[PDB]
Amino acid sequence: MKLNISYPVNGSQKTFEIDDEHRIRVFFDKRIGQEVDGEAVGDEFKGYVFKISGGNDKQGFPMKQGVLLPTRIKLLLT
Amino acid sequence: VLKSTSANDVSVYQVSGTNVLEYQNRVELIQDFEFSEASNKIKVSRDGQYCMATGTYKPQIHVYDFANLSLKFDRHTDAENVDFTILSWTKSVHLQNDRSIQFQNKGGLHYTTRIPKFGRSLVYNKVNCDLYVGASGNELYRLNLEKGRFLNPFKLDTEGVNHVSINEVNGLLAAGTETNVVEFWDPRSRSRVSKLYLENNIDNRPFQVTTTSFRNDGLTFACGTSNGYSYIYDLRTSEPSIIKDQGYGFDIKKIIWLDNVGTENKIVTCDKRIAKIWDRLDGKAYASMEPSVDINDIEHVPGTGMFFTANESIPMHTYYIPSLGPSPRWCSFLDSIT
Amino acid sequence: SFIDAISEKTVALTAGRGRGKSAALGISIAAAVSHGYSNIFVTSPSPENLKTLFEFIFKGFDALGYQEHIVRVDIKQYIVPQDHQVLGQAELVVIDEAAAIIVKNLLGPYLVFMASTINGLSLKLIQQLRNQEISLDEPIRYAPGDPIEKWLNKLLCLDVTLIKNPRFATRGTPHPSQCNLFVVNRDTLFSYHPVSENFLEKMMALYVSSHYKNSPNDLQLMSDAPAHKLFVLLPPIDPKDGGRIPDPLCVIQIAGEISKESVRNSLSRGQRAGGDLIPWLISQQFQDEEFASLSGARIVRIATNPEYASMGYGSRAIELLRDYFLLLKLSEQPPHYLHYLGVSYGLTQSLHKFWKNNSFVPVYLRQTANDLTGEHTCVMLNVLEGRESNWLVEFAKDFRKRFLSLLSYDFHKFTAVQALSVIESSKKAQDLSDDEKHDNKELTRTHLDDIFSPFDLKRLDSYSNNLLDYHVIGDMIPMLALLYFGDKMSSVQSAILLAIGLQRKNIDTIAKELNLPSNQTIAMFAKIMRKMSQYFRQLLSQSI
Amino acid sequence: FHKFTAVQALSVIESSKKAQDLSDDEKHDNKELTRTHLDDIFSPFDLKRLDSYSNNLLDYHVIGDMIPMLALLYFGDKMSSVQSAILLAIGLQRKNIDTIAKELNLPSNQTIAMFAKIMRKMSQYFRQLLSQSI
Amino acid sequence: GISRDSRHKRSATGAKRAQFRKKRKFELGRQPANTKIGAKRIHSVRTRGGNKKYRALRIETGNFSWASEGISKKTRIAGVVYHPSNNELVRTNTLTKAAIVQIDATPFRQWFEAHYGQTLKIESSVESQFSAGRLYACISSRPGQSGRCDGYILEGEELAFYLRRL
Amino acid sequence: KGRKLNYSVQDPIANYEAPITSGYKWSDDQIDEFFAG
């Protein structure tokens, strides 16, 4: 997976291509807004907390905050 | 984690309430669940999706796909509705406040027919296919979907009927009249079998029975009133009953069983403001579902512990009980958020 | 004709339903040789014995005119008979049969093999007539028949006959509203006559409807017992001069054994009386082993009437409560002649509806068995209750012992039922919670016992896997003992409780999720239960 | 109990490797105390120990050899010795399989005699626990 | 609604073979919004330029007029007992123009006690409602078009004019 | 009474649904011995 990370008050943002998906599996089945630890995604970034803010999947499709159903669905938007 | 109202040692949740950081942690389940300031009647189809919610101003049909979590369409029907049923999937029959009957299809509006007097309720018969429609007066009509005829309408008492239902495993036609008599007809014989009378101990004014129901054992019958008093009935000593006064008691409109999920012998009663749920053979309240606005009616989704109301506000409330059962396969992360 | 139809269609559904003789296992098993020669190669029955000798004509025809030479057949065309489970779980076949058989397993095999199910008047006939089809029940291979067998079947009731009809307004169910059934205690009730023995044969038909298999002592050794009584429903009627029996249940009694059970255990017959065998050898009881036994043999209800089918268990419990309150249909003789001391119990054969009947019975069940039987899925767990309530300590001790045995019996059967496990825990809770009060207090958060059972690393691991993102495999080392400890010593509704019982029975999360809800839903319920358990243990470690 | 039903000799080898690591690394730090009296009284039942004595002087059937066998195997793998047949019996009660499966797969000889040896080891453990606590 | 045209129906001569036309925009029949009692919700629909039309459905605060002095004051709604433009309309208890609906007349009590002093020249069968509280009053305004519930009280002649009816 | 109760036959509903043979899972004899009284 790739992880986009943003430190907002300093104004910094960078992506990190993290393979080895048992590091990734901390985020699994956690919807948007619920926080996370650095401890189970990495070891070299411990004491870290990330509020997730969506993400495009493969096939590029975005997620909007808080509906349900982590597959794709066909809604009515602007 | 959605907040829970206080109850008798049990938890319920609402999704799409009048109150429902919150913008960025939104818990919206079904997108575009809001009507034009009220709601008529909501019911969920026999299969695992496709719930239908009737409209309020410029009344619509509003079929929601459960496996898409949003709206499919809204056929703005010609008149304001009171009662309808669903006949599997795409077909459905409706009747409006005027004495007219619409047949919606996949294309929508397959026919518009009428009944001679103003109607109040409709049910469909799975066996030999005649919809029975209860109306004002001496008249309980049929529209058979076999050959499209009319049938020899059932001769009632003076004022009429508020609700008609047929029993499922054996077919015993109920008709909740005004003069406390329940007027059981036989869907085989096209004749009466019984004229059971309803009694109480308070007797405020001459109440009228407004809700009738059965279940899939075919032996009991749930009865209502225009006063907020549930009743049970059996053939076993059919003259008395067990009764349930409700703490506000205006008019109970929806009494439905829990005869297909676990935590058995339980039944939901629903009058204009509150909807409660209690147990059989004692008559003690399991839980209740107090919203912030009145209730036009309710419904309960099969297989799981969730409820869908039609109310007088802009959205509709859904009520999840994590002790009656789980959340269904299309809502299978409601048990992960709350 | 069925041989030609099943050779030309593999489609073909035949059921050979015997009554007492002459067609159970032979002719419909011999009706497979044309298929086994011309159209099939994957034949696969599933009998215990005497099926090839039943189809000896098919076997001889194949050995002399269809194959150039027991075991599975060949060509130089296999016939692999198996068990019922292997027949249900492995049949890509063309022909399959299992005579004298335990029918959901055979329904599980109906994929490509020709349907030929046969047995020698049970719920298999109901399941065969309620599916969506030929029925073999015919005369014997003889001209008139056998008058010796006719006399023996007149004396032994080998055949049943439904006789109930709606011959009055008070015939069907106008009486079946407040019918309080009576007793029948005629000790020579089967004396040879037309009318009384005709009514006795009708009561035998209503007793052997929805009963067990076609036994040899159905109406020939239980007919001449010491005090083999019965009841008869439809009491409230005075429009006519007759009577029928819609609830022909069988009870029995035997020694009361305060010296006799100890003398039998000395005489190496400690499993003497059915009451004081499992209770006497369970925990070496004293008072329930000193009492005698009054148990049941075969319950009966309405396989005909709806209202009497609803009220049959209530009438059975009312007959028990009336017991614990020539041909004369009387209930006033046992008003003084219905006496006992502590002999009031039974044993219900392990079905889910039968355990529901035992819960409505509320006389509670101790323990079924350890394993299964060749004629029973599980042994009858002993039910018990009395009206003259004095055995509160005996009942509570037996309930706590049986509940500890069941909640510890992890791999007792190893393919058990979660619904039956919920019913067993419910009967255990009801028995221990209604005698007077449970005089055995639960584990009230002894923090030394908490720090003794789980250590610091197990505590922090459970707390981390609840309050963070971890794995079920990352915290399923404690998933066995914590389930039994929570069940013995919070709240869990019947989904979360069934999940906790499944984890205590060590079934996989996917293995129970593929059955009940889903993987994600089951994992969320397990996460909520682990959050609740970590909350209670955190309250214990915060209070102490 | 859940998802390790592999072997008996390899299971004994793994337990011996873990205890060998503990003995090589520790001097007296992770030295566990023995089964305490009232805690051992709470872990079994008194009627369960009565059924254990019934297995000692009688048959060892499942009415007293299945409810207590979990605590038996737990205390046996906790902490005063076991044989090869008795070690396979302790591992067999830990794996919770029935009688004719594990011993007949591993030793493949003297099934009922090894079951009686397992019952005798159970009687020795029950006599040791009874004469220690009670 | 559907229509407003004579093309779908027969005239005073009895003609046939209609099959006329696709119906235009200016035959616009909107749905009959049967106004009820609830919480005050008025739909603001558009027509003919910026001609907003107030379609009231759940109006409460009826401005009902004391007749003999013409005092239009604010009150609530209870229910219509008689309206044979549809005899099922009173069974369903809606609120349309020219209906006779019941009012808790407590602000009329306040105005009488405020501009006359004492409490109770006015008719007796409305003095009974002066005592009890619920007086009969007929709606004048159109909630389906103007969105409002105005009305006039029943005082004597018009009272008996309806009480002899039902 | 013009549009009131036209006892005619209508075109799209003449085969809108289709019946069922067994129908009720009970028997008619179960109906008779269900509500004899």
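Values in this text are rule-based calculations from the coordinates and carry no lab data. Every residue, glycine as well, gets a Cβ built from its backbone with ideal geometry; the counts of neighbours run over all protein chains shown.
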Let me confirm one metric for peptide B:216-225, namely the mean number of other chain beta-carbon atoms within 10 Å of its residues' beta-carbons.
2
What list do you get for F:4, C:488 if you sort them by fewest beta carbons within 10 Å?
F:4, C:488
Can you bin every Cα-Cα distance in the range B:47-104 into 5 Å intervals starting at zero and give me the percent of pairs per bin, rounded to whole numbers?
4, 19, 30, 25, 14, 6, 1, 0
Over the residues of chain A, compute the C-alpha Rg and express it relative to 2.2 N^0.38 Å.
1.19
How far is it, in nm, from the label point at residue E:85 to the one at residue D:111 when both lie 7 Å from their Cα along the line to the Cβ?
9.3
Here the whole-number average of other chain Cβ atoms within 10 Å per Cβ of F:18-31 is 6
Rounded to the nearest 500, what is the protein assembly as shown's calculated 222 nm mean residue ellipticity when only DSSP H runs of at least 4 contribute -39500 (n - 2.57) each, over all residues?
-7500 deg cm²/dmol
Applied in sequence order to the range E:151-166, the curve 6.51 cos²θ - 1.76 cosθ + 1.60 (Karplus, θ = phi - 60°) yields integer Hz couplings, x standing for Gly and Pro, of x, 10, 6, 9, 9, x, 4, 5, 4, 5, 4, 9, 6, 5, 6, 7
Karplus-derived 3J(HN,Hα) from phi for the range C:423-433 (6.51 cos²θ - 1.76 cosθ + 1.60, θ = phi - 60°), whole Hz, x at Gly and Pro, runs 5, 5, 5, 5, 5, 5, 5, 5, 5, 6, 9
List the residues whose amide H sits under 5 Å from the amide H of residue C:97, counting only those 5 or more places along or on another chain, with H placed 1.01 Å from N in the peptide plane.
C:44, C:46
Counting only DSSP beta bridges with both residues in chain C, tell me the antiparallel percent, nearest 5.
50
For a quick check, take a GNM of chain A with Cα springs below 10 Å and name the residue from A:60, A:33, A:11 with the largest mean-square fluctuation.
A:11
Mean projected area in nm² (Cα convex hull; one quarter of hull surface) for chain D
8.7
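Let's test the formula: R0 of 41 Å, r as the Cβ-Cβ distance of residue B:282 and residue C:452. What FRET efficiency results, to the nearest 0.05?
0.45
From the convex hull of the Cα coordinates of the protein assembly as shown, what is the mean projected area in square nanometres?
If I average the Cα hull's projected area over directions, I get 71.7 nm².
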Spelling it out for residue C:231: with amide H atoms placed in the peptide plane at 1.01 Å from N, the residues 5 or more places away or on another chain with amide H under 5 Å from its amide H are C:249
Mean other chain Cβ within 10 Å across D:41-48 is 3
How big is the Rg/Rh ratio for chain B, C-alpha atoms only, Rh by Kirkwood, two decimals?
0.95
Residues B:223, C:157, C:378 arranged by fewest to most Cβ contacts within 10 Å
C:378, C:157, B:223
Name all residues of the range B:63-107 having a backbone nitrogen under 12 Å from the label point set 7 Å from the Cα of residue A:73 along its Cα→Cβ direction, giving them as ranges.
B:64-72
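For the range C:318-416, what D do you get in µm² per second when you plug the Kirkwood radius from alpha-carbon pairs into Stokes-Einstein at 4 °C and 1.567 mPa s?
This corresponds to a translational diffusion coefficient of 83 µm²/s.
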Which far-off residues, 5 or more places away or on another chain, put their amide H under 5 Å from the one on residue B:4, with H placed in the peptide plane?
none
For a quick check: sort E:90, B:169 by the number of other beta carbons within 10 angstrom, fewest at the front.
B:169, E:90
Tell me, what HN-Hα J-couplings in whole Hz come from the Karplus equation 6.51 cos²θ - 1.76 cosθ + 1.60 at θ = phi - 60° for each residue of the range F:9-24, using x for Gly and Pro?
10, 10, 6, x, 9, 5, 9, 6, 10, 8, x, 9, 7, 6, x, 5
